[PDB]
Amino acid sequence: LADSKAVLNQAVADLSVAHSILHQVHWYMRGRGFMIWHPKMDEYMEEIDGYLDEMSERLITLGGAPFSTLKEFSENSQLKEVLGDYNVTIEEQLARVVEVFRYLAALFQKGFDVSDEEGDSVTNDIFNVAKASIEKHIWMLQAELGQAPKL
């Protein structure tokens, strides 16, 4: 199950980075819509952390060894972090979250595919449930930004 394991570990790195980005958005947001979106980041972070612990623990259960240091997360993740900046608009912050979410849904499709190929049906459901929710969020986020989900 080398590929299932590998994608689970890739997920651990990327979710760790995704959390960090969402927290930056939580903190640096400024503009109309702050009062609704600030707490919404909290909800997203909670959901992301849930996936991260569950995917990492599935890897452990499969006899893997999850990335568990900031260096490992940073060097393995495909997500790039930029310095926090208050001058970003609310709408650009939300577009950043959509971008991160689009990537996560892409990674979870990969994890679904790989685990399906290897017969790891339990890991397959983990990725399917995560992808379901993340795609729902992409619809809602895109809707707030006056756009179709464009999955």
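Numbers for residues come from their place in the sequence shown, where the first is 1.
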{"item": "Higher-scoring stretch by recorded Cα B factor average, 24-32 or 110-118", "value": "110-118"}
{"item": "Position of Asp49 among the chain's modelled residues by C-alpha B-factor, lowest, middle or highest third", "value": "middle"}
{"item": "Where the record places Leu94 (Cα B-factor, split into thirds across the chain)", "value": "lowest"}
{"item": "B-factor third for the C-alpha atom of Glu43 within its chain", "value": "lowest"}
{"item": "Relative C-alpha B-factor of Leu70, binned into the chain's lowest, middle or highest third", "value": "highest"}
{"item": "Chain-relative CA temperature factor third for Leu104", "value": "lowest"}
